[PDB]
Protein chains: 2
Amino acid sequence: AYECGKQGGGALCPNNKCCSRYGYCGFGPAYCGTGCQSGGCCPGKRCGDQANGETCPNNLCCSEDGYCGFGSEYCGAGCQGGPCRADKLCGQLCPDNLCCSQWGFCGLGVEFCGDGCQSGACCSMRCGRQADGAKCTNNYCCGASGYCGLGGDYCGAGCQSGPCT
Amino acid sequence: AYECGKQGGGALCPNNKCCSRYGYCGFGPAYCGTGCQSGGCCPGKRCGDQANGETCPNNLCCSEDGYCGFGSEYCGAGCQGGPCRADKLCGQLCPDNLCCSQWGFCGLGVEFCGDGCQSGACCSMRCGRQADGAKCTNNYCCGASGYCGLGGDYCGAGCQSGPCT
């Protein structure tokens, strides 16, 4: 029955719905208030230096004061995680599986994850006996056919390296 | 069994993991490639004026070209959705259940969703008998105790107004 959070295998709700303390999605005090696991919690979940380096779920911004939300108070000056308005440098893996572009910036989409992607959720990174025994970054699995990724297709049968099985 | 997407009741994967065409979370082409439902798809899902107004899952930014991603190419100049670097005004709902603050800006966290929140995922907007018959915004449900929200706690038993079941 559970939809989200610890009870639902770490799933997130869609469209910023709060995951209640019991593992169901919705809005209002029962979901977003005390015990809120993810989504648009009110107040925002603690993050960053104020929570042992935890990032915000759902790609929220971590404010200077270590709360998760959106808007200039969260993503602007002093933003310490998520989609901050400042460019995010990398070389230092990107947080939350963001791609480190050829040019050393974090993001998602082909400009970041496509050709020249260094790390994170790259589109097509080669590994294993297909790529000279090359290793995957981010502790991803090398798949049977020599692509880096995660999930059963890469970590399951024929997995060459990384956290197989 | 299913984790995400249509098969997983619309749930999102954590940490920008891609939801495969079969409703499982991971990275690499099997998950992020053709049929990718959410997460860090590559290429990014179509969005905005290139997808009938649809917004990016997981609060990704919609680029001016109508692709979902993060970084300056997506969130910066020309961004048409998600956590764009530009402030977003409201008064005119906010997209993706973002709160419209009393000052008419979209975001999440207490500065937006707390005192004076006009619409979206407000922390504690009163409604129903307890608020002299006041209505909820966003087609939310008014719960039995007179708070606006969504999910079984508000739309279920005791629901006063909005799309009760």
# chains A, B, ... in the order shown; residues from 1 in each chain; ligands from 1

$ closest_atom_pairs --of "chain B" --to "chain A" --cutoff "7 Å" --atoms "only C-alpha atoms" --output "tab-separated table"
residue	atom	partner	partner_atom	distance
B:10	CA	A:14	CA	6.6
B:11	CA	A:13	CA	5.3
B:12	CA	A:12	CA	4.9
B:13	CA	A:11	CA	5.4
B:14	CA	A:11	CA	5.9
B:15	CA	A:96	CA	4.8
B:16	CA	A:97	CA	6.5
B:25	CA	A:151	CA	6.2
B:26	CA	A:151	CA	4.4
B:27	CA	A:149	CA	4.4
B:28	CA	A:149	CA	4.3
B:29	CA	A:123	CA	6.3
B:40	CA	A:108	CA	6.2
B:42	CA	A:123	CA	5.8
B:43	CA	A:110	CA	5.7
B:44	CA	A:109	CA	5.2
B:58	CA	A:58	CA	5.6
B:59	CA	A:59	CA	6.2
B:68	CA	A:109	CA	6.5
B:69	CA	A:108	CA	4.4
B:70	CA	A:107	CA	4.3
B:71	CA	A:107	CA	4.6
B:72	CA	A:87	CA	6.9
B:85	CA	A:85	CA	5.3
B:87	CA	A:71	CA	6.7
B:96	CA	A:15	CA	5.1
B:97	CA	A:15	CA	6.5
B:106	CA	A:71	CA	6.5
B:107	CA	A:70	CA	4.4
B:108	CA	A:69	CA	4.4
B:109	CA	A:69	CA	4.7
B:110	CA	A:43	CA	5.4
B:121	CA	A:27	CA	6.1
B:122	CA	A:28	CA	7.0
B:123	CA	A:42	CA	5.8
B:124	CA	A:29	CA	6.4
B:147	CA	A:28	CA	6.9
B:148	CA	A:28	CA	6.0
B:149	CA	A:28	CA	4.3
B:150	CA	A:26	CA	4.7
B:151	CA	A:26	CA	4.4

$ select_by_dssp --residues "chain B" --states "alpha helix (DSSP H)" --output "list in words"
residues 29, 30, 31, 32, 72, 73, 74, 75, 110, 111, 112, 113, 152, 153, 154 and 155 of chain B

$ atom_distance --atom1 "CA of residue 128 in chain A" --atom2 "CA of residue 164 in chain A"
12.8 Å

$ select_by_dssp --residues "chain A" --states "strand (DSSP E)" --output "PyMOL selection string"
chain A and resi 18-19+25-26+61-62+68-69+99-100+106-107+141-142+148-149

$ atom_distance --atom1 "CA of residue 48 in chain A" --atom2 "CA of residue 23 in chain A"
23.4 Å

$ atom_distance --atom1 "CA of residue 46 in chain A" --atom2 "CA of residue 117 in chain B"
21.0 Å
